[PDB]
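A lone chain, given as structure tokens: the form deposited in one PDB entry.
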């Protein structure tokens, strides 16, 4: 019957809709069609509402929605899968609003058939600002989960020799990546996640060797450098080096080197300075004092040069520092004119129109 890309519900069942399509929607439901069918399916409804000029239907549809995404988010703070899921979905529902209600500004990459599918009667920039605000919050939640999973693995998989090993950490990083990719999450958010996680690994580890028993040794310098390089080769293999995540470890790379570099003669001390640029002069001196196989006056010559470059600053780098998110628009090629809505979901009460 020549389906336009649209769907109508009875102004009522809006509840039913939002529950079967959000609340009771488990992602392991594949989809099988679209990792973010929900996002699309919703826009197809926004469209039917724009068609009818039913501003009450739009405002209600995406405020019920946000209530359901927030709801289910809170009943799952803990699970990386759902957050991952509802993060990309949210994000796509936002990409669709930009891609279709948008103006010539976002219509620079649409097929006529796409520029035909756009919203004609509403400007939904207000909800566009709300959904992005939300998906900043979902991302934060996702970092909270991932941090929870990794925190108890960082100091063990690194710094100890041998119940966690760089294998566990690297198995985790795959798990996280796998789910995110399978969820259809944009590749720039995947890149932004692993830059966060790696920064934590740098912060939590370097914190520890500025504290522990007591900073550890030439041995511990060599496991870090190996560990980082295995993390770095992991990045190169999943093609995530351009995420900036290896940069987020230059203090640890320098700490590790600080532990191996020769500490004695002056020529030695000259080195420590020119290499350890990313560490603070009290962090170096600390890692010096804590060493265990360094003398004062080998320390004095050090702190003699690095005079405010730069110290002090709060030691113990708060790994919770959460770098800002950024969701570059990314329109999609798929067209709602052909999109599979399975039956396994009881959305039949939707009319194809």
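Rigid core here is just the name for the largest C-alpha set that superposes within 1.5 Å across the two forms. Positions refer to the first chain, counted from 1.
There is another form of the same protein, the form deposited in another entry; it is not shown, and what comes next is about it.
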Tell which of 142, 185, 169, 215, after superposing on the rigid core, has its C-alpha displaced by 2 Å or more between the shown form and the other one, please. 215
Any CA movement of 2 Å or more for residue 311 between the shown form and the other one, core superposed? yes
Against the shown form, C-alpha atoms of residue 306 and residue 213 in the other form: closer or farther, for a change of 3 Å or more? closer
Comparing against this form, do residue 310 and residue 257 have their CA atoms pulled together or pushed apart in the other form? The difference is 3 Å or more. farther
